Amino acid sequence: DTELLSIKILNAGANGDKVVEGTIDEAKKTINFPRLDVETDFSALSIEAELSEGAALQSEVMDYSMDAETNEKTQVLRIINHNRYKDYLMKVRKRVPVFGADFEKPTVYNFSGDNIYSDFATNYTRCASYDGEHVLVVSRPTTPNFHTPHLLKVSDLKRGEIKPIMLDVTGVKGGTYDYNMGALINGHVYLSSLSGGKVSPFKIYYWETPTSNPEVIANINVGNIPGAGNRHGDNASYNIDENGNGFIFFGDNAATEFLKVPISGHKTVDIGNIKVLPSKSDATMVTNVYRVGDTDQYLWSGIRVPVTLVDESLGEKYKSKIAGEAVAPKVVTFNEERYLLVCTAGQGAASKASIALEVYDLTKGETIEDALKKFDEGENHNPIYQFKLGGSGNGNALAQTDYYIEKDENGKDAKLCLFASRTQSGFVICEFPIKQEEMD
């Protein structure tokens, strides 16, 4: 007959004691095995086989020596008898570690497109934020819902249940709009008013918990800020660390500047150190400035401002090629990879922006500047993941991003959860597992 009925490697693994079964494809005359530990002594693999009556292996020991660079090697396994022989191509492979999120396995909770969150169907809601536990919807009340700003518990939304938890907004008044932007940070809620001129109150409010009374933490007289523009609060980039320290950036409507507003201890706004930073008309009113990790650098982008690495005074360090009206640029580190999370805005009825959550791979490179350079230099500039929110271009295309990382019982990253929201399109939560070794 002359064939190989079964085969095993008897001495795989660091300790040369793992028995690994082979798969024989008789039509193709091939033999495969699951990938072996990289610590295996591949120079002398001992094998055991079942053959047809009378057939012998040439040898029971095979040399699959590979250099550290190579992950696979094929050798001929010959079976012989009294006058016949048959050659099989036997492939042995090393395990290859894998990193980051598996973007091929999204779990999506969609409140956009056909399922657009109702408050997001008008320009009376221009902001939403997410922290894994809730979604904050900064809705100004309007027909027919008349919803004030509220939270939605993520566990409810995953079951398709919309159950608004309204914030206490007693005394939350002042400004051309009482509220417009906001954020969920450290389990707290922040909201800011829209100041329509020098004399319009520019207020920042804080909720310790969802059921707390509101606290006014700032009431900024824009008229007392030398160099400030006319209107603030159309956009906001809240950068507040785990100790409640950082800056809120507020670009003026005319895109002449940003107000950099310092915050410490979660609630203390330093009015004596508000800085006016130069912006440019191409940023537009839809623009954001977000801190890279716990470093002293930030990413700035806008409608006609590609994602740019800048210092804390908005001094330009590196302009990347990531554009397409990507706004709210956040750098996410997850399971040893580094991603850029953006939402494309779609500002102007004629805009051709994707209107989408987009993720770009920025893994290769030491620093964020190196990573942006390496991205720019590569052949492929497509996002590694996209979720289109639907809708079309409008005149108030404010968009937000956020993320949350779930860790396992051992403190290791397990699940990457990404959020984007866009005015008049809605919001999405997209969850991804860590990659698993292609156990092929």
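When you see a residue number, it is the position in the sequence shown, counting from 1.
* **Given 153-161 and 124-132, the range whose Cα B-factors average higher in the PDB entry** => Stretch with the higher mean C-alpha B-factor: 153-161.
* Asked: Out of 92-100 and 341-349, which one has CA B-factors that are higher on average in the deposited record?
  -> For C-alpha atoms only, the mean B-factor is higher in 92-100.
* Report the option among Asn396, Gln400, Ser46, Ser65 whose CA atom has the maximum B-factor in the deposited record. => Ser65 has the highest C-alpha B-factor of those listed.
* **Residue of maximum C-alpha B factor among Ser195, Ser320, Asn219, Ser237, per deposited coordinates** => Within the set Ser195, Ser320, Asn219, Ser237, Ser320 shows the top C-alpha B-factor.
* Asked: Lowest, middle or highest third of the chain for the C-alpha temperature factor of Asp87?
  -> It falls in the bottom third of the chain.
* If you rank every modelled residue in this chain by C-alpha B factor, which third holds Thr209: lowest, middle or highest? -> Tercile = middle for this residue's CA B-factor.
* To do: Rank-wise, by C-alpha B-factor, drop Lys105 into the lowest, middle or highest third of its chain.
  => Ranked within chain, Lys105 CA B lands in the highest tercile.
* Lowest, middle or highest third of the chain for the C-alpha temperature factor of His147? -> Answer is lowest: the recorded C-alpha B-factor places it there.
* Relative to the other modelled residues of the same chain, rank the CA B-factor of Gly187 and answer lowest, middle or highest third. => It falls in the bottom third of the chain.
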